[PDB]
């Protein structure tokens, strides 16, 4: 199934290297500019979006009218929400880089997070555009044997659950 995964535009914490999960931060002005540049560049397929403001806003500025689904949320960081990556305990930093053995205090385990993400993808019947988060895009790309680091406000199309089709960044 052709799926477009769109990472929302820049937020202040995305700039400052701070963990951003369920904290409902808004897009910065450049984040909004990135979202607007997606309008007309993405296929006009039905859209779905995380219910977090930054994702909803990105969908809107991109010219879409998404349905809101919590399953598309970034992973909840719990007590690590907003945590400065610089002072993050190396134990967490390493687990985040490897994308394994990570369960932030009071947040979601990486296993529960990826299960709800992939479960959601399994429920799609036709190609669609998913406005979501970096963690979600990374989970999908990694499962497909590619690294899932993409820039904010960019998109990647995949032929789930087989391979990646194209990476769109502008």
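Residue numbers count along the first chain shown, from 1.
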{"query": "Entry-level comparison of average CA B-factors, 130-138 and 113-121, reporting the higher stretch", "finding": "113-121"}
{"query": "Mean C-alpha temperature factor, higher of 36-44 and 23-31", "finding": "36-44"}
{"query": "Assigned third (lowest, middle, highest) for the C-alpha B factor of residue 14", "finding": "highest"}
{"query": "Residue 71 - which third its CA temperature factor falls in, relative to the rest of the chain", "finding": "middle"}
{"query": "Entry-reported Cα temperature factor of residue 3, expressed as the chain third it lands in", "finding": "middle"}
